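Here is the structure we will look at, set down as structure tokens.
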Amino acid sequence: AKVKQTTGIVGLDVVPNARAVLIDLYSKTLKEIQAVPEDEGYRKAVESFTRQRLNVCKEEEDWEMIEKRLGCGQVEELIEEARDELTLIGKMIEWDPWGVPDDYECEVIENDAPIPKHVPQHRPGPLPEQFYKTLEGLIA
Amino acid sequence: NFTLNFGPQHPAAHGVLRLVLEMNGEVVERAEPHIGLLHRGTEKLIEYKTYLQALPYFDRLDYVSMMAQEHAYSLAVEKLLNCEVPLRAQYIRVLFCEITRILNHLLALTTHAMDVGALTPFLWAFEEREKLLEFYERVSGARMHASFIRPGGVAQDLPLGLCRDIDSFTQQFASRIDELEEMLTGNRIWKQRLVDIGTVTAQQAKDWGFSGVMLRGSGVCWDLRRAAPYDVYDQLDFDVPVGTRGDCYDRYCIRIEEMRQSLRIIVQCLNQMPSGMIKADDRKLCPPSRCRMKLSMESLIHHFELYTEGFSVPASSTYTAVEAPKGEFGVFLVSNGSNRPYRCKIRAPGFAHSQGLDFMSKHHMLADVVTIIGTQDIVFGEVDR
Amino acid sequence: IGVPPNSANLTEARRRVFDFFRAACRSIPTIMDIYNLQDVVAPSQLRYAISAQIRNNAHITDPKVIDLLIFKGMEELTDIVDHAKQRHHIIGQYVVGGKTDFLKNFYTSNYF
Amino acid sequence: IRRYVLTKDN
Amino acid sequence: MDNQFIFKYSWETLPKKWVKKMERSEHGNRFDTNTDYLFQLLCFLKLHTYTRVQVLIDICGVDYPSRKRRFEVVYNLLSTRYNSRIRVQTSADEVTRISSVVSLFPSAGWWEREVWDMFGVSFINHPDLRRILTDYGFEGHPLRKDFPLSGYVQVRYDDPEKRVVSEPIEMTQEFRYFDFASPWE
Amino acid sequence: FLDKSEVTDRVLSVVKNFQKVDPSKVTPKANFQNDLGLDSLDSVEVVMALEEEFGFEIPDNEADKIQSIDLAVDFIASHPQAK
Amino acid sequence: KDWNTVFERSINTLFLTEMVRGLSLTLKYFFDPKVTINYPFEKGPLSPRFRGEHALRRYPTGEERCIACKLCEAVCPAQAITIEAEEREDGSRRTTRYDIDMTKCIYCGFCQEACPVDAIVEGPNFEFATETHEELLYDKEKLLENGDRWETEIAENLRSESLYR
Amino acid sequence: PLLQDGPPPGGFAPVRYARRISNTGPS
Ligand SMILES: CCCCCCCCCCCC(=O)SCCNC(=O)CCNC(=O)[C@H](O)C(C)(C)COP(=O)(O)O
Ligand code: SF4
Ligand code: SF4
């Protein structure tokens with residue numbers, strides 16, 4: 001309930017208001033992704049997760065609850081993701097890479113050679129449900 | 001502003017350090033490190049050696065943490081070979097990697113404190129360094145450059161009394177660390193010469209490629225032994241110390257805690273080490289016993305083929321990184337299917353840390369530049385291969 | 001500052017060659033002072049040396065190769081401007097300098 | 001190895 | 001988070017005209033792209049929410065003398081947030097200038113200087129592209145396959161000249177190359 | 001402002017040091033690259049020699065404009081720095 | 001803050017109470033047994049696996065064990081070994097030249113573990129510093145002298161690691 | 001052989017690894 005004393009990260013400072021700096025960045029992201037063509041994989045994912053996070057930031061007033069339900073970093077690590085997605089949208093718009101070439105071809109190699117168990121392997125835990133919901137949205 | 005040169009040729013600071021500093025007054029404005037004086041062409045020499053013949057090059061990369069580089073090279077070769085390692089060999093490798101981590105931290109802390117002006121802890125720490133290098137001399141025949149960790153299993157087995165002697169060492173290393181801390185931690189001069197010098201934000205550490213203590217001092221809880229565990233590190237209990245201010249003092253408290261936790265891991269490895277064989281049973285990749293080569297024909301053929309041609313790694317390429325004492329040590333090994341590596345880049349943490357000296361020292365006192373260099377724990381064997 | 005983008009035609013390559021030559025010529029006074037070349041070489045013999053290098057590398061018609069040559073020459077010039085190279089090195093590179101050739105080579109060794 | 005090649009596919 | 005998820009996500013979200021080769025294996029998920037889309041791909045992969053790759057581990061070159069585009073430049077990337085590694089590769093010959101990524105990753109400067117020193121690949125918009133490892137005035141790029149192991153020049157002290165001088169190399173014992181290759185491979 | 005006398009001599013003197021320039025042809029009006037059959041390298045070398053016999057500088061946008069020694073000597077005579 | 005805490009931490013600031021605690025620690029080590037050894041008289045502990053000066057061994061009958069298989073010259077990562085061989089008058093496969101560059105040697109022990117007849121071994125000797133570069137170019141005679149001079153210790157060590165190698 | 005280096009039966013004795021406090025001084 002109380003304001004966050006420290007974020008635990010050097011350079012990252014606690015933002016006194018995080019439900020008002022995120023509800024605005026998400027609104028800007030949703031109002032600026034419109035320039036991307038509708039049938040592009042980027043727009044669908046960036047307009048799916050930005051809608052869910054925007055709804056979550058609208059439902060619950062306290063930052064602790066927002067941290068709990070999203071479960072992906074602190075509210076001070078979500079502002080720095082929204083501000084980077086906003087920059088990425090502009091860079092996509094000015095570059096305009098949306099044109100699929102007529103002579104496009106991609107070699108999708110699929111190797112299956114196993115690796116040992118003691119070998120260092122990056123094994124993360126299950127991602128939040130949205131990372132899969134956006135995925136089914138993209139495939140569909 | 002004038003253009004000043006620190007070349008310390010004397011190993012009171014590294015030995016091949018060459019900084020060209022632009023000082024306005026007493027503050028330094030830009031620190032350009034001139035590297036290349038210890039560039040011995042190691043990366044090109046690897047391509048002319050057999051996979052077994054190129055193992056000793058990794059001892060001489062980070063000559064303060066020897067087993068750390070061999071572990072990474074062996075793991076890369078195993079990954080490209082799909083070679084399974086027995087549990088006892090894995091426990092031995094973890095044990096001698098955590099001994100190596102303690103050795104590196106003990107050298108780093110006191111060679112950094114000697115730069116400040118504290119001469120007493122240096123000899124005290126080198127006493128325990130000699131005690132630990134005695135164990136290096138027991139399993140192998142070399143005090144420093146021990147070709148002990150090898151791609152298949154481990155080179156050879158442990159002597160009879162090694163476990164007892166290591167336990168006896170661990171019974172007093174805690175008090176040794178306590179004395180070393182009590183000489184430096186509470187001292188006001190040590191605090192005044194380290195606190196708020198070298199502050200790095202987490203974003204800066206991520207952008208500049210910082211790893212290990214340099215990264216974990218900024219609040220980033222990123223340990224490669226817990227994020228991408230290797231060997232039996234996921235069966236051992238140890239904490240990951242994380243800093244709060246990012247200055248040189250946090251890098252020192254974390255460098256203490258990482259060595260206490262290394263002692264803890266060593267104790268667990270001693271207690272849980274099982275019995276069995278120390279090498280993979282695929283003698284197509286591992287040497288036969290000296291009693292089997294002199295008695296069996298196929299064992300002698302395997303010995304002859306392994307000690308001239310060696311094994312052949314299937315054509316592939318991968319990047320394997322381990323948690324070296326300095327930070328993330330990675331090997332990018334490329335194989336074309338022959339008995340010699342096609343390409344082997346060595347990703348040294350010191351290369352990414354000495355590169356960031358420019359922004360860490362900017363607008364700092366001239367005497368505060370040696371503390372910034374010593375807190376990164378740089379050795380130039382790895383900086384310029 | 002940054003490495004310039006790769007050229008698209010021979011005219012841009014020629015412009016870059018001229019710019020590099022002018023920069024090298026303006027760098028001549030600095031070398032005569034950093035290294036004791038005052039009572040060693042005329043201020044025009046070196047200029048002729050750079051001109052000779054540009055002229056004997058003047059048969060290239062590939063703009064990329066010309067740009068790479070210019071970049072290497074600029075790197076060499078920057079190294080010489082600094083005290084990086086030894087004194088005799090530039091004096092060993094940047095100074096302008098009978099029976100039969102076959103018979104002398106024969107008298108020298110079998111490996112021509 | 002499953003080295004199938006993607007195409008525009010209209 | 002994982003090789004199975006990153007591959008499928010980047011298949012959909014990424015623009016198709018950038019990547020032309022996508023291997024998904026246990027040795028590493030690689031992306032092979034043209035040299036004129038490298039900066040765009042690495043900027044996308046540094047800012048996107050689900051592909052927050054904020055660490056450039058290293059930049060290495062690989063020499064393939066048998067290929068038309070001789071050099072292969074590999075970008076090993078790391079994502080601390082999602083605990084995943086991505087590798088991006090391009091190809092360039094000896095006279096092409098590929099784009100520099102120091103704007104995105106400040107640590108790319110020394111690795112790009114090392115790549116230029118070792119292989120001769122030049123980077124566009126690099127603040128300072130000079131040799132970082134080889135000796136001053138070094139001629140040739142040692143990490144090329146056609147560069148001799150011992151080099152072309154050797155260093156000795158010349159007493160009459162009163163300085164350390166460079167001379168053509170002359171080995172007292174030449175490097176003995178042992179051919180252990182087997183015909184039954 | 002400088003008189004034409006000495007500025008004419010200072011440009012009629014240095015041009016004869018190119019081991020190919022004919023002394024009989026150099027005059028207040030004798031184009032560098034056209035009338036003397038010079039190379040573009042010599043076309044910039046004459047300008048650089050103009051700043052090699054003095055300390056003033058010629059911007060890169062003032063070198064390729066007019067390769068005529070008449071306008072060159074007029075510009076030299078309109079150099080307040082020289083004397 | 002609290003008056004008591006402020007006063008207590010102010011006393012420590014002015015009375016140097018955290019430097020006396022280090023002076024006492026140093027003084028305690030002052031009156032303490034030393035850990036230095038008289039190197040000329042007493043030597044530091046070693047191990048039977050120590051990789052020191054190289055030695056060429058011979059059979060107890062007096063025949064040299066080296067069979068000119070060149071299996072140590074091909075495993076040497078530093079290319080410090082050069083071997084020349086031919087058929088001896090008896091018809092046995094022996095070496096005419098066996099010289100090791102100790103200025104190239106990295107003392108890794110690969111040659112010792114690759115020899116199928118236990119001919120080349122790294123003995124316990126580590127005190128062989130020379131005054132000349134050519135005295136470090138060991139040849140067959142020098143190596144055989146080393147093997148003859150250190151034969152008993154080498155044999156005992158090889159017995160020790162027979163259980164492990 | 002079957003006699004291999006390892007911990008004795010029952011394991012090794014427990015060893016401290018944390019900082020030991022030192023309350024020395026009258027203050
Ligand atoms: C102390 C100073 C240190 C640095 C000194 C310099 C060291 C490197 C020297 C330069 C090395 C090179 O090859 S870099 C320069 C190499 N590039 C070329 O030669 C372009 C091809 N030449 C042509 O196009 C024409 O012949 C042209 C000559 C331009 C004029 O003739 P026109 O206009 O009529 O056409
Ligand atoms: S110890 Fe190693 S480097 Fe020395 S001769 Fe034997 S194999 Fe070669
Ligand atoms: S010393 Fe041993 S390995 Fe070397 S040639 Fe002689 S028998 Fe073979």
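FYI, nothing fancy with the structure tokens labels: chains A, B, ... in order, residues from 1 per chain, ligands from 1 as they appear.
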Distance filter 12 Å around ligand 2, atoms: only C-alpha atoms and all ligand atoms, out as a ChimeraX atom specification: /B:52-57,141-142,145-147,307-308 /G:50-56,70-83,98-115,119-123,137-138,143
Surrounding residues of stretch 14-23 of chain F excluding itself and chain neighbours under 5 positions, 8 Å, only C-alpha atoms, as a list in words: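 Here the qualifying residues turn out to be residues 36, 46 and 49 of chain F.
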Could you give me, as JSON lines, a per-residue list for chain C showing, wherever an atom lies at most 7 Å from an atom of ligand 1, the closest pair of atoms and their distance in Å to one decimal, using only C-alpha atoms and all ligand atoms and sorting by chain then residue number from low to high?
```
{"residue": "C:13", "atom": "CA", "partner": "ligand 1", "partner_atom_place_in_ligand_line": "20 (C)", "distance": 6.6}
{"residue": "C:14", "atom": "CA", "partner": "ligand 1", "partner_atom_place_in_ligand_line": "29 (C)", "distance": 4.9}
{"residue": "C:17", "atom": "CA", "partner": "ligand 1", "partner_atom_place_in_ligand_line": "15 (C)", "distance": 5.4}
{"residue": "C:24", "atom": "CA", "partner": "ligand 1", "partner_atom_place_in_ligand_line": "2 (C)", "distance": 5.4}
{"residue": "C:27", "atom": "CA", "partner": "ligand 1", "partner_atom_place_in_ligand_line": "2 (C)", "distance": 7.0}
{"residue": "C:28", "atom": "CA", "partner": "ligand 1", "partner_atom_place_in_ligand_line": "1 (C)", "distance": 6.6}
{"residue": "C:50", "atom": "CA", "partner": "ligand 1", "partner_atom_place_in_ligand_line": "6 (C)", "distance": 5.2}
{"residue": "C:53", "atom": "CA", "partner": "ligand 1", "partner_atom_place_in_ligand_line": "9 (C)", "distance": 5.2}
{"residue": "C:54", "atom": "CA", "partner": "ligand 1", "partner_atom_place_in_ligand_line": "15 (C)", "distance": 4.6}
{"residue": "C:55", "atom": "CA", "partner": "ligand 1", "partner_atom_place_in_ligand_line": "28 (C)", "distance": 5.2}
{"residue": "C:57", "atom": "CA", "partner": "ligand 1", "partner_atom_place_in_ligand_line": "19 (O)", "distance": 4.5}
{"residue": "C:58", "atom": "CA", "partner": "ligand 1", "partner_atom_place_in_ligand_line": "19 (O)", "distance": 3.3}
{"residue": "C:59", "atom": "CA", "partner": "ligand 1", "partner_atom_place_in_ligand_line": "21 (C)", "distance": 5.6}
{"residue": "C:60", "atom": "CA", "partner": "ligand 1", "partner_atom_place_in_ligand_line": "21 (C)", "distance": 5.0}
{"residue": "C:61", "atom": "CA", "partner": "ligand 1", "partner_atom_place_in_ligand_line": "21 (C)", "distance": 6.3}
{"residue": "C:66", "atom": "CA", "partner": "ligand 1", "partner_atom_place_in_ligand_line": "17 (N)", "distance": 4.8}
{"residue": "C:69", "atom": "CA", "partner": "ligand 1", "partner_atom_place_in_ligand_line": "14 (S)", "distance": 4.6}
{"residue": "C:70", "atom": "CA", "partner": "ligand 1", "partner_atom_place_in_ligand_line": "14 (S)", "distance": 4.3}
{"residue": "C:72", "atom": "CA", "partner": "ligand 1", "partner_atom_place_in_ligand_line": "8 (C)", "distance": 6.9}
{"residue": "C:73", "atom": "CA", "partner": "ligand 1", "partner_atom_place_in_ligand_line": "8 (C)", "distance": 3.7}
{"residue": "C:74", "atom": "CA", "partner": "ligand 1", "partner_atom_place_in_ligand_line": "4 (C)", "distance": 6.3}
{"residue": "C:76", "atom": "CA", "partner": "ligand 1", "partner_atom_place_in_ligand_line": "4 (C)", "distance": 5.4}
{"residue": "C:77", "atom": "CA", "partner": "ligand 1", "partner_atom_place_in_ligand_line": "3 (C)", "distance": 3.7}
{"residue": "C:80", "atom": "CA", "partner": "ligand 1", "partner_atom_place_in_ligand_line": "3 (C)", "distance": 6.0}
```
One-decimal distance in Å that lies between atom CA of residue B:205 and atom CA of residue B:220: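 Value for the atom CA of residue B:220-atom CA of residue B:205 distance: 9.0 Å.
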Who sits within 12 Å of residue A:13, only C-alpha atoms, same chain under 3 positions skipped, as a ChimeraX atom specification: /A:4-10,16-18,74-77,79-80 /B:201-203,245
Residues of the last selection are to be written out with N, CA and C atoms, as a CSV table (one decimal), in the first residue's frame.
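This went into out-v6.csv:
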```
chain,number,residue,atom,x,y,z
A,4,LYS,N,6.8,2.5,-2.9
A,4,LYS,CA,8.0,1.7,-2.9
A,4,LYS,C,9.2,2.5,-2.5
A,5,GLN,N,9.9,1.9,-1.5
A,5,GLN,CA,11.1,2.6,-1.0
A,5,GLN,C,12.2,2.6,-2.0
A,6,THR,N,12.5,1.4,-2.5
A,6,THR,CA,13.6,1.2,-3.5
A,6,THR,C,13.2,0.2,-4.5
A,7,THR,N,13.7,0.4,-5.7
A,7,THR,CA,13.6,-0.6,-6.8
A,7,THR,C,14.6,-1.7,-6.8
A,8,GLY,N,15.7,-1.5,-6.0
A,8,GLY,CA,16.7,-2.5,-5.9
A,8,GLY,C,17.7,-2.5,-7.1
A,9,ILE,N,17.5,-1.6,-8.0
A,9,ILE,CA,18.3,-1.5,-9.3
A,9,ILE,C,18.9,-0.1,-9.3
A,10,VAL,N,20.3,-0.1,-9.5
A,10,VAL,CA,21.0,1.2,-9.6
A,10,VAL,C,20.6,1.8,-10.9
A,16,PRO,N,6.7,7.7,-8.3
A,16,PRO,CA,5.6,7.8,-7.4
A,16,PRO,C,4.3,7.5,-7.9
A,17,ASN,N,4.0,7.8,-9.2
A,17,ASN,CA,2.8,7.4,-9.9
A,17,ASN,C,3.2,6.4,-11.0
A,18,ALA,N,2.7,5.2,-10.9
A,18,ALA,CA,3.0,4.2,-12.0
A,18,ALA,C,1.7,3.8,-12.7
A,74,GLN,N,8.9,-5.3,-12.1
A,74,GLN,CA,8.3,-4.2,-11.4
A,74,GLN,C,7.6,-3.2,-12.3
A,75,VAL,N,6.8,-2.4,-11.7
A,75,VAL,CA,6.1,-1.4,-12.5
A,75,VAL,C,7.1,-0.3,-13.0
A,76,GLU,N,8.3,-0.3,-12.5
A,76,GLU,CA,9.3,0.5,-13.0
A,76,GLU,C,10.1,-0.1,-14.1
A,77,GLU,N,10.0,-1.4,-14.3
A,77,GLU,CA,10.5,-2.1,-15.5
A,77,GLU,C,9.5,-2.2,-16.6
A,79,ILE,N,7.4,0.6,-17.4
A,79,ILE,CA,7.5,1.9,-18.0
A,79,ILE,C,8.6,2.0,-19.0
A,80,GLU,N,9.7,1.4,-18.7
A,80,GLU,CA,10.9,1.3,-19.6
A,80,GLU,C,10.6,0.4,-20.8
B,201,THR,N,25.1,2.2,-13.3
B,201,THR,CA,23.7,1.8,-13.3
B,201,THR,C,23.6,0.5,-14.0
B,202,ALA,N,22.4,-0.1,-13.7
B,202,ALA,CA,22.2,-1.4,-14.3
B,202,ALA,C,22.1,-1.3,-15.9
B,203,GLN,N,21.4,-0.3,-16.3
B,203,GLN,CA,21.3,-0.1,-17.8
B,203,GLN,C,22.7,0.1,-18.4
B,245,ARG,N,24.2,0.0,-4.6
B,245,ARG,CA,24.7,1.3,-5.1
B,245,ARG,C,25.5,1.2,-6.3
```
Using only C-alpha atoms: which of C:43, C:98, C:92, C:29 has the shortest distance to chain E: C:92
All helix (DSSP H, G or I) positions in chain C, as JSON, numbers by chain: {"C": [10, 11, 12, 13, 14, 15, 16, 17, 18, 19, 20, 21, 22, 23, 24, 25, 26, 28, 29, 30, 31, 32, 33, 34, 45, 46, 47, 48, 49, 50, 51, 52, 53, 54, 55, 56, 63, 64, 65, 66, 67, 68, 69, 70, 71, 72, 73, 74, 75, 76, 77, 78, 79, 80, 81, 87, 88, 89, 90, 91, 92, 93, 101, 102, 103, 104, 105, 106, 107, 108]}
Residues of chain A at most 7 Å from chain E: nearest atom pair and distance in Å, only C-alpha atoms, as a tab-separated table:
```
residue	atom	partner	partner_atom	distance
A:41	CA	E:13	CA	4.3
A:42	CA	E:13	CA	4.6
A:81	CA	E:49	CA	6.0
A:84	CA	E:47	CA	5.3
A:85	CA	E:48	CA	5.9
A:88	CA	E:47	CA	6.1
A:97	CA	E:15	CA	6.3
A:98	CA	E:15	CA	6.3
A:100	CA	E:17	CA	6.1
A:101	CA	E:17	CA	6.6
A:104	CA	E:17	CA	6.9
A:105	CA	E:20	CA	6.6
A:106	CA	E:20	CA	4.4
A:107	CA	E:21	CA	4.8
A:108	CA	E:22	CA	4.9
A:109	CA	E:23	CA	4.5
A:110	CA	E:24	CA	5.3
A:111	CA	E:25	CA	4.9
A:112	CA	E:25	CA	5.8
A:114	CA	E:26	CA	6.7
A:115	CA	E:26	CA	6.7
A:122	CA	E:84	CA	6.2
A:124	CA	E:83	CA	6.1
A:135	CA	E:9	CA	6.6
A:138	CA	E:12	CA	6.4
```
Chain B residues near chain E (6 Å cut-off, only C-alpha atoms) as number ranges by chain: B: 36, 206-209, 309, 318
Write the residues of the preceding selection, restricted to N, CA, C and O atoms, as a PDB file, in the first residue's frame.
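Writing the result to out_27.pdb gives the following:
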```pdb
ATOM      1  N   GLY B  36      46.911  -4.691 -26.555  1.00  0.00           N
ATOM      2  CA  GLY B  36      47.638  -5.342 -27.626  1.00  0.00           C
ATOM      3  C   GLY B  36      49.059  -5.725 -27.283  1.00  0.00           C
ATOM      4  O   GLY B  36      49.744  -6.310 -28.128  1.00  0.00           O
ATOM      5  N   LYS B 206      24.331  -3.383 -18.550  1.00  0.00           N
ATOM      6  CA  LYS B 206      23.767  -4.213 -19.610  1.00  0.00           C
ATOM      7  C   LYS B 206      24.221  -3.737 -20.985  1.00  0.00           C
ATOM      8  O   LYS B 206      24.553  -4.550 -21.854  1.00  0.00           O
ATOM      9  N   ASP B 207      24.242  -2.420 -21.201  1.00  0.00           N
ATOM     10  CA  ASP B 207      24.620  -1.888 -22.507  1.00  0.00           C
ATOM     11  C   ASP B 207      26.086  -2.156 -22.818  1.00  0.00           C
ATOM     12  O   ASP B 207      26.434  -2.477 -23.958  1.00  0.00           O
ATOM     13  N   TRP B 208      26.959  -2.031 -21.821  1.00  0.00           N
ATOM     14  CA  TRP B 208      28.387  -2.203 -22.042  1.00  0.00           C
ATOM     15  C   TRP B 208      28.837  -3.654 -21.944  1.00  0.00           C
ATOM     16  O   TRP B 208      30.035  -3.923 -22.079  1.00  0.00           O
ATOM     17  N   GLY B 209      27.919  -4.589 -21.715  1.00  0.00           N
ATOM     18  CA  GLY B 209      28.278  -5.992 -21.688  1.00  0.00           C
ATOM     19  C   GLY B 209      28.912  -6.464 -20.402  1.00  0.00           C
ATOM     20  O   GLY B 209      29.678  -7.432 -20.417  1.00  0.00           O
ATOM     21  N   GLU B 309      46.094 -38.175 -33.765  1.00  0.00           N
ATOM     22  CA  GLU B 309      45.041 -37.475 -34.485  1.00  0.00           C
ATOM     23  C   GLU B 309      44.039 -36.834 -33.537  1.00  0.00           C
ATOM     24  O   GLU B 309      43.542 -35.736 -33.810  1.00  0.00           O
ATOM     25  N   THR B 318      28.735 -23.598 -31.952  1.00  0.00           N
ATOM     26  CA  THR B 318      27.927 -23.250 -30.795  1.00  0.00           C
ATOM     27  C   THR B 318      28.699 -22.280 -29.916  1.00  0.00           C
ATOM     28  O   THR B 318      29.917 -22.127 -30.044  1.00  0.00           O
TER      29      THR B 318
END
```
Nearby residues (only C-alpha atoms) at most 7 Å from residue E:122, same-chain spacing under 6 positions excluded, as a list in words: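 The contact residues come out as residues 97, 98 and 116 of chain E.
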Saved selection, atoms kept: N, CA, C and O atoms, as a short mmCIF file (atom, residue, chain, number, x, y, z; two decimals), in the first residue's frame:
```
data_model
loop_
_atom_site.label_atom_id
_atom_site.label_comp_id
_atom_site.auth_asym_id
_atom_site.auth_seq_id
_atom_site.Cartn_x
_atom_site.Cartn_y
_atom_site.Cartn_z
N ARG E 97 31.35 -2.68 -46.80
CA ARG E 97 31.26 -2.02 -45.51
C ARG E 97 29.89 -2.32 -44.91
O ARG E 97 28.87 -1.83 -45.41
N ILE E 98 29.87 -3.11 -43.84
CA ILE E 98 28.62 -3.45 -43.17
C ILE E 98 28.32 -2.38 -42.12
O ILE E 98 29.22 -1.63 -41.72
N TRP E 116 37.72 -5.70 -37.50
CA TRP E 116 38.43 -5.01 -38.58
C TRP E 116 39.92 -5.34 -38.54
O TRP E 116 40.55 -5.52 -39.59
#
```
Length of the atom CA of residue B:312 to atom CA of residue E:77 vector [Å]: 28.2 Å
Residues of chain B within 6 Å of chain A, counting only C-alpha atoms, as a VMD selection string: chain B and resid 75 79 82 84 201 to 202 218 to 219 228 to 231 245
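If you look at atom CA of residue B:191 and atom CA of residue B:8, they are 25.5 Å away from each other.
Minimum atom-to-atom distance to ligand 3, evaluated using only C-alpha atoms and all ligand atoms, belongs to B:303 out of B:131, B:303, B:90, B:385.
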Surrounding residues of stretch 30-35 of chain A excluding itself and chain neighbours under 2 positions, 9 Å, only C-alpha atoms, as number ranges by chain: A: 25-28, 37-38, 43, 46-47, 50-51, 86, 89-90, 93
What would the file look like if the residues just selected were written as a short mmCIF file (atom, residue, chain, number, x, y, z; two decimals), in the first residue's frame with C-alpha atoms?
```
data_model
loop_
_atom_site.label_atom_id
_atom_site.label_comp_id
_atom_site.auth_asym_id
_atom_site.auth_seq_id
_atom_site.Cartn_x
_atom_site.Cartn_y
_atom_site.Cartn_z
CA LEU A 25 2.00 5.17 -22.51
CA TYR A 26 -0.25 2.21 -23.32
CA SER A 27 -2.91 4.54 -24.74
CA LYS A 28 -0.26 6.23 -26.90
CA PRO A 37 -0.89 -2.48 -41.64
CA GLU A 38 -3.66 -4.53 -40.05
CA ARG A 43 0.67 -4.98 -35.02
CA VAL A 46 1.82 -5.12 -29.96
CA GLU A 47 -1.92 -4.38 -29.89
CA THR A 50 -0.71 -3.47 -24.82
CA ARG A 51 -4.48 -3.91 -24.50
CA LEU A 86 6.81 3.56 -28.43
CA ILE A 89 6.80 1.79 -33.35
CA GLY A 90 8.16 5.05 -34.73
CA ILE A 93 6.90 3.44 -39.29
#
```
Strand (DSSP E or B) per DSSP on the backbone: members of chain E, as a ChimeraX atom specification: /E:19-24,30-33,55-63,71-79,84-92,97-99,122-124,153-158,163-168
